[PDB]
Structures are given as C-alpha cells and as structure tokens.
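1. just dropping in an experimental structure and the matching sequence.
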Amino acid sequence: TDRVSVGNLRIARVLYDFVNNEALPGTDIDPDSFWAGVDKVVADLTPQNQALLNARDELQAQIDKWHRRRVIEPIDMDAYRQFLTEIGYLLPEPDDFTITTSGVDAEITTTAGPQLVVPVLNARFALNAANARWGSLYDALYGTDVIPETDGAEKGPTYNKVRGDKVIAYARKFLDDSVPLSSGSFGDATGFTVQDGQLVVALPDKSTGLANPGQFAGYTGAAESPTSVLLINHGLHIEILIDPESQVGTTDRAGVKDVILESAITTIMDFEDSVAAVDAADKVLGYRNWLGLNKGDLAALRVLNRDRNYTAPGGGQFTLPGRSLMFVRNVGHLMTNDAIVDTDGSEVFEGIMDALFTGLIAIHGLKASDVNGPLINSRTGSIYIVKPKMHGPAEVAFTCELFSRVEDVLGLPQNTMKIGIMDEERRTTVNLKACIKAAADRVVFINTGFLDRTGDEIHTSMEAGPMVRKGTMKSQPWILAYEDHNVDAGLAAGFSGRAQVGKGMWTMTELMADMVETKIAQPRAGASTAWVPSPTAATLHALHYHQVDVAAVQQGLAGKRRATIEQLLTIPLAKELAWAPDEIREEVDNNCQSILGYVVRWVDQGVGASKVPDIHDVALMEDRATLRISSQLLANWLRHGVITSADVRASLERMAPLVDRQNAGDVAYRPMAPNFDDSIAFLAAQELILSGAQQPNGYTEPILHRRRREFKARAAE
Ligand SMILES: O=C(O)[C@H](O)Cc1c[nH]c2ccccc12
Ligand SMILES: [Mg+2]
C-alpha cells in the first residue's frame with residue numbers, strides 16, 4: 001500500500017511507522033523483537049481463531065436443521081435442551097469457584113458507579129469522557145428535561161431564574177437524601193464551616209452537623225469560610241461549591257454555586273461497535289488517540305484534567321483522581337483487516353492486532369505522563385480490555401491465551417492484561433459460569449446488553465419462526481432471565497468487591513427524566529456499573545448510586561438462582577397472528593429507518609455512533625448492534641412470510657427521504673433519494689436485510705466494511 005515485510009506479514013506503512021515512531025518509544029521494548037512477536041503471535045494463533053469461527057458456523061447449521069425438520073409448534077424444551085447438549089452448544093456447569101483476579105484498581109473492584117463508552121476515533125469526545133469523572137449536577141439538571149420545561153421554566157437563550165431555582169431545589173433534596181443532616185434540611189442552609197474536623201451547617205435558627213459525620217470527606221479554602229465542601233456517599237464523592245459572587249450563588253441562600261458529582265468512574269475507549277474503522281488509516285487514527293490518552297498529551301486546546309486537591313477534615317492535604325479510569329474495547333474474534341496481510345494477500349485477524357497494539361499502547365498509561373506528572377491510568381499496573389462478541393468458554397480461553405502471548409511479547413507480567421467479558425451472545429449466556437472460569441484470573445467485569453444479544457437471539461433461532469417486534473424484545477422472558485442470570489453468575493463467582501457486574505446502555509440521549517426514573521432498575525438489580533452515552537448522562541445516572549446501596553443489594557442476592565436454563569432458552573417467537581397489517585408496516589418502517597439512519601453516516605462519513613433521530617424523531621445514540629438487531633428482525637420476518645420483498649423495498653424507499661431530511665443539519669451529507677441504487681449507503685442497507693439470514697451470527701461488519709471501503713475507493717476518483 002505500501003507495506004513492510006516482517007516474516008510472513010506485510011504491514012501497511014502507515015501502521016508500521018505509527019508504531020515505531022509513536023507507540024514503541026518509552027516502553028523500552030526492542031522494536032525488532034516486537035515486530036517478530038507480532039509475526040509469531042499471528043502465525044501461532046490464527047488457525048485456532050479460524051477454527052473457533054468455523055465451530056460457530058457448524059453449530060448454527062445444526063440448529064437451523066433442528067428447527068427445519070420439526071413441525072411441532074410449541075418447542076419441546078426437553079428435546080431442544082438435550083440437542084444443544086449433544087452438539088456441544090450447552091456445556092456442563094463447572095463446580096463453584098471464586099475468581100482470583102488481582103492488581104485491579106479500586107474504581108473497578110469496589111466503587112459502584114456509571115461507566116461511559118465513547119468512540120476512540122473521536123478525540124474530542126474521548127477527552128470529554130476521560131474528564132467526565134467529575135461533572136456539574138446543575139448543568140445536567142438545567143440542561144435536560146429532568147427539570148421539565150413547563151410554563152415559566154423553559155430554557156431560553158439566557159438564564160431562566162425560575163428554572164434555576166427548580167435546579168437548586170432538586171439538588172437540595174438530593175443532598176438531604178444522600179448526606180442527611182442531624183437536624184433540618186440543606187434547603188434552609190445559610191452557610192458551611194469546618195470546626196474541629198467537623199462539618200457545621202448553619203440553619204436560620206441553629207446549626208447542625210451530618211447525621212453521619214463520616215460522610216464529611218474534606219473541603220477547600222478556609223475552614224471558617226470554605227470555597228467548597230466535599231462529601232462521600234456509597235463510595236462516590238459529592239462536592240458543594242460555595243461562591244456567593246457567581247451567577248447562581250448570588251441567588252442561593254447559602255451562596256452555593258454548584259453541586260459537582262463524581263460521575264463517570266470508568267470509561268471504555270471503543271475500537272469496536274461505536275467506530276467505523278476499515279483499513280490501516282482508520283485503525284491508526286484510533287490507535288493514535290488511544291496513545292494520546294495513555295500518554296496524557298491528547299489535545300483537540302481541550303486537554304486531560306489533573307487530579308483534584310482537597311483539605312482533609314482534620315486539616316491535612318489529599319488528592320482525588322480527576323480522570324475516568326480507562327478500559328479499551330478491542331474488536332472481537334470475527335473480522336480481519338487489511339492493515340496487515342500475509343504473503344498470500346490474506347488479511348490478518350483484527351482482534352489479534354488490537355490485542356498487540358492497544359496492549360503496547362496501554363503501557364504508556366502505566367507510567368508518568370510527561371504533561372501533568374503522575375501516570376494517566378492504572379496505578380495497580382493493569383491493562384483493562386473489554387472483549388466483545390465471544391461465544392462460549394473456548395472463545396474466552398482463546399482470548400486469555402492471546403493476552404498471555406501478547407504479555408510475553410511486551411515484556412509484561414502474566415495477567416497484566418485484564419478482560420472485561422461482554423455477555424452479548426447466547427452461547428456465552430448459557431455457559432456464563434464456564435466463561436468466567438476460563439478467565440478466572442483475568443476477569444474484571446461481565447456485562448449485559450439489549451442490542452447485540454438480541455441480534456444473536458434472532459439469528460440463532462432464525463429458522464424457528466417469526467420473532468416478536470423489536471420493541472417487544474427488551475421485555476421478553478429470555479432477556480429478563482439473561483439479565484438476572486448474568487448477575488447471579490457474577491455474584492456466585494465472587495465478583496462483589498472484586499470485579500464489575502455491569503448492565504446496558506441508555507440510548508435515548510434527550511430523554512433524561514425517563515432515564516432518571518427508569519435506569520435505577522439496574523443498580524437495584526445488583527449491577528455495580530451500567531452504560532451511559534454522555535458525560536451529562538453519567539452525572540445523572542450517578543444519582544442512582546446514591547439512592548441504591550449496590551454493595552448491600554449484591555450481599556442480599558448471594559446464593560440466589562433467579563433464572564433457569566429453560567427461561568434462558570425461551571425463544572422469543574411471536575404468537576399466531578399477533579399483529580394487524582398497520583402494526584406490521586410500522587415495524588418494518590421502524591427497522592428500515594433504523595438501518596438507513598445509521599448506515600448512511602457509517603458508509604458516507606465513517607461515523608459509527610452519533611445522535612440519530614428515529615422514526616418518531618427521538619434522538620437515539622446506538623452503536624452498530626442496532627444494525628444487527630434491525631437487519632436480523634427484518635430478515636426473520638422476510639424468512640417466515642410476515643412481509644414480502646416488496647414491503648421491504650417500499651419501506652426503504654419511504655424511509656430514505658425521511659432520513660435525508662433528518663440529516664439537513666449536515667454540510668457533508670449526500671441524499672440517498674431519489675437515485676437509490678446510486679447510493680452505496682442505500683445499497684448497503686438493502687444488502688444487510690436481504691443477506692441478513694446468511695451473515696455469520698447475523699454480524700453486520702462484513703457487509704458494512706466492504707461498503708465503506710467501496711465508498712472510500714470511489715471517493716478517490
Ligand atoms: O448491546 C447494546 O445494547 C448496545 O450495543 C450498546 C450501545 C448503545 N449505544 C452505544 C454507544 C456507544 C457504545 C455502546 C453503545
Ligand atoms: Mg455489543
């Protein structure tokens with residue numbers, strides 16, 4: 001392209017140069033030995049990678065055939081389960097065990113709080129996410145519909161005092177609920193002082209302390225007239241900023257300017273479903289941002305925050321981290337990428353490359369940043385890698401062996417590279433204990449989702465019959481059981497106090513009132529973390545962890561088995577004649593708009609995540625798993641005669657101009673309508689649906705990557 005020869009590999013020059021000039025210096029790793037390591041690891045692990053992919057296909061073919069030779073309407077669970085066991089899909093449950101993972105930071109082992117996920121190719125967003133460890137509660141309340149924009153309290157071009165007062169009152173109630181006063185309410189506070197290491201809150205008629213003095217964590221400024229007061233509840237910090245001479249402070253009874261919440265405790269820097277990266281140039285853009293993050297010098301000048309200084313209650317000095325602790329999500333076992341090809345021209349597995357390169361790069365986050373002093377990331381010496389889309393314990397074991405070999409190449413101690421196991425494929429769900437066991441000395445989390453897991457659910461039972469609607473899926477018995485089972489398995493493996501048990505993303509970015517009402521379900525269900533789409537959502541989701549004592553919840557769940565294998569295996573088949581014709585067309589339109597809305601940005605602009613208007617103009621921020629579910633759902637309805645290929649076409653044709661219109665705010669946008677078959681993005685959308693049934697596990701990357709490359713190539717006219 002050109003390329004650099006290293007043993008059997010031919011490495012794109014842009015990648016070779018990036019590694020030598022930017023990634024390797026400072027790690028003390030010999031460049032020649034690194035490259036030899038890449039060649040050797042790729043040579044050794046590629047056949048097993050392929051074998052695992054082939055095993056997926058064989059298992060799916062047998063399941064397809066199982067359904068096709070049967071006609072008995074309600075599936076016979078006893079026979080179905082027996083079959084899955086016979087073919088090696090459902091494996092024996094291993095004996096009880098406790099994970100042994102060590103060298104993990106407090107943010108992961110102990111603290112319960114929000115976890116942000118952000119596309120690594122977007123430097124600005126990545127920087128904001130890393131800085132989202134602390135976030136303004138006032139900004140999050142004033143800025144969103146959590147304070148409804150009723151008559152009088154609407155957002156204007158400038159400060160609305162009626163709304164501001166609602167913000168202040170909301171936050172006073174939060175303080176009363178989270179760090180209660182011995183007597184009275186924060187609502188009536190007139191001032192704060194620190195006396196003999198104790199926080200003293202002035203009320204109109206008297207003073208009072210905290211009902212739990214231990215929740216006083218520190219302050220800034222003079223004890224007798226502090227600039228801020230720091231509190232702690234359920235392990236998360238709350239900072240009341242005091243400034244009577246500020247916009248908001250001047251209107252406040254105690255001169256309070258803002259309430260800052262410790263928010264995004266951890267952040268996942270994403271190389272997978274939220275980015276579009278289809279070649280060496282794209283991968284290098286991502287690797288370079290990941291590098292800047294770990295070295296602490298990424299600047300877009302928007303830069304990375306320093307740690308925060310405080311005075312302890314007794315008068316001593318301390319610091320708290322000002323940055324979100326970073327994971328990186330590598331791609332999974334499926335895709336290859338032409339950033340490296342072999343002597344035959346065969347592309348190298350992208351997951352293997354990500355392990356080597358993001359692993360190398362992460363070394364920088366384990367050492368002092370030349371910018372602001374202290375090392376950026378893990379003080380305990382771990383590298384946290386989220387590994388998506390695995391199917392079963394052999395695939396987890398493979399990932400661990402991959403990490404083991406990379407560690408050897410990088411000169412890292414064994415088990416430095418920790419694994420966040422995504423539970424987003426059915427064959428992992430039903431063998432979860434075994435998957436955790438295979439990574440018992442590396443695992444730092446498990447997590448559940450809606451989108452990918454539902455995509456796998458549909459594809460796996462594609463031949464069984466028509467599935468329920470997309471919106472219906474999120475409340476089906478299989479998924480509710482999957483959610484509980486994930487928690488059960490993690491807690492039984494001793495995750496409490498050792499590893500994160502995590503839940504899925506809130507995708508409706510503008511519907512924050514609904515988020516605050518609803519997402520509380522997740523920490524109530526024993527999750528020590530869950531996914532948020534923005535720093536703003538991280539600050540709001542933090543509220544939930546102040547209301548819910550996750551550590552106590554997990555202790556209470558101990559020993560409980562709340563999901564059976566039968567519940568897990570309950571296929572979401574639609575009942576006979578479940579929909580009217582208008583409902584069918586609505587669901588078709590929903591899915592085509594979902595696919596078109598996402599695919600047009602991906603293919604034409606290389607954007608893998610953004611705020612996308614749905615069919616009802618609700619802003620959704622979904623990653624690529626949205627494509628997997630929608631295309632699989634339509635493929636399934638087309639497969640079983642629910643809709644015809646003309647229904648699909650007409651819907652694509654109806655939805656495309658609507659998508660075009662929804663993208664009017666974009667200088668770079670290129671309309672799909674009316675020259676449909678001249679738009680590579682439109683053809684991509686069509687191809688995802690019509691070829692959906694034949695994509696391995698319904699994965700959208702093979703078609704998406706090809707189409708994006710096609711667009712890129714023709715752009716080079
Ligand atoms: O499985 C699911 O529910 C989704 O894949 C998760 C998800 C939704 N929006 C996102 C934005 C960035 C990163 C991940 C996501
Ligand atoms: Mg996913």
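-> Sure thing, it's come through. Numbers count the residues shown, from 1 in each chain. Ligands and ions are numbered 1, 2, ... in the order given.
2. going forward, measure contacts between C-alpha atoms and count neighbours the same way
-> Noted.
3. can you give me the helices in the stretch 401-550 of the chain?
-> Secondary structure of the stretch 401-550 of the chain, counting by DSSP state H, counting those that start in this stretch: helices at 426-429, 432-438, 451-460, 470-473, 477-492, 512-518, 521-524, 535-547, 550-557.
4. buried ones in the longest one?
-> I take that to be helix 477-492. Of the residues in helix 477-492, 477-479, 481-492 count as buried by neighbour count, 16 or more other Cα atoms under 10 Å.
5. closest one of those residues to residue 381?
-> Taking Cα to Cα as the measure, residue 490 is the one of the buried residues of helix 477-492 closest to residue 381, at 23.3 Å.
6. specify the beta-bridge partners of the nearest residue to the closest one once chain neighbours are set aside.
-> Of all residues not flanking residue 490 in the chain, residue 501 sits nearest, at 6.5 Å (Cα to Cα, 6 or more residues apart in numbering). In this entry, residue 501 is beta-bridged to residue 446, by DSSP bridges.
7. just give me the neighbour total for residue 501.
-> Around residue 501 there are 30 other residues, counting by other Cα atoms under 10 Å.
8. so how far is residue 631 from the closest residue to ligand 1 within the stretch 251-400 of the chain?
-> Nearest residue of the stretch 251-400 of the chain to ligand 1 (Cα to the nearest ligand atom) works out as residue 274 at 5.0 Å. Taken as Cα to Cα, to the nearest Å, the spacing of residue 274 relative to residue 631 amounts to 17 Å.
9. over to residue 484?
-> Distance from residue 484 to residue 631, by Cα to Cα: 27 Å.
10. swap in residue 607?
-> Residue 607 sits 19 Å away from residue 631, taking Cα to Cα as the criterion.
11. again, but for residue 335
-> Computed with Cα to Cα, the distance linking residue 335 and residue 631 is 19 Å.
12. likewise residue 454?
-> With distances taken as Cα to Cα, residue 454 is found 11 Å from residue 631.
13. repeat that for residue 233.
-> Summarising the geometry, the distance separating residue 233 from residue 631, computed by Cα to Cα, is 44 Å.
14. can you tell me which residues in the stretch 151-300 of the chain are near ligand 1?
-> By the criterion of Cα under 6 Å from any ligand atom, the positions of the stretch 151-300 of the chain lying close to ligand 1 are residue 274.
15. likewise for the stretch 401-550 of the chain?
-> Counting by Cα under 6 Å from any ligand atom, the residues of the stretch 401-550 of the chain that sit close to ligand 1 are 449-452, 504-505, 507, 533.
16. quick check on the most centrally placed residue in the chain: phi, psi?
-> Here the mean C-alpha position of the chain is nearest to the C-alpha of residue 117 (Cα atoms, centre = their mean), at a distance of 4.2 Å. Taking degrees, to the nearest 10, you get phi -130, psi 130 for the backbone angles of residue 117.
17. same question for residue 51.
-> Backbone geometry at residue 51, expressed as degrees, to the nearest 10, gives phi -60, psi -40.
18. now, the most widely separated pair of the residues of the stretch 401-550 of the chain next to ligand 1?
-> Comparing every pair within those by Cα to Cα identifies 452 and 533 as the most remote, at 16.5 Å.
19. more neighbours: which of those two?
-> Residue environment comparison for residue 452 versus residue 533 gives the larger neighbour count to residue 452, 26 against 22, counting by other Cα under 10 Å.
20. distance of the nearest residue to residue 544 once chain neighbours are set aside from residue 637?
-> Ranked by Cα to Cα, 6+ apart and with sequence neighbours excluded, the top spatial neighbour of residue 544 is residue 520, at 5.3 Å. In this structure, residue 520 and residue 637 are separated by 34 Å, where distance is defined by Cα to Cα.
21. residue in the stretch 601-717 of the chain nearest to ligand 1?
-> Evaluated by Cα to the nearest ligand atom, the stretch 601-717 of the chain has residue 622 as its residue closest to ligand 1, separated by 3.4 Å.
22. wouldn't that residue be in contact with residue 610 here?
-> Yes. Under the criterion of Cα atoms under 8 Å, residue 622 makes contact with residue 610 at 7.4 Å.
23. settle it for me: which of those two has more neighbours?
-> Neighbour comparison, residue 622 and residue 610: the larger count goes to residue 622, with 24 against 18 (by other Cα under 10 Å).
24. for the more buried one, helix, strand, or coil?
-> coil (DSSP: H, G, I helix; E, B strand; the rest coil).
25. show the contacting residues for it.
-> Residue 622 sits next to 274, 507, 609-612 when contact means Cα atoms under 8 Å, 6 or more residues apart in numbering.
26. what does residue 213 give?
-> Taking Cα under 8 Å, 6+ apart as the definition of contact, the neighbours of residue 213 are 198-199.
27. so which residues on the stretch 551-700 of the chain come close to ligand 1?
-> For the stretch 551-700 of the chain, the residues in contact with ligand 1 (Cα under 6 Å from any ligand atom) are 621-623, 625.
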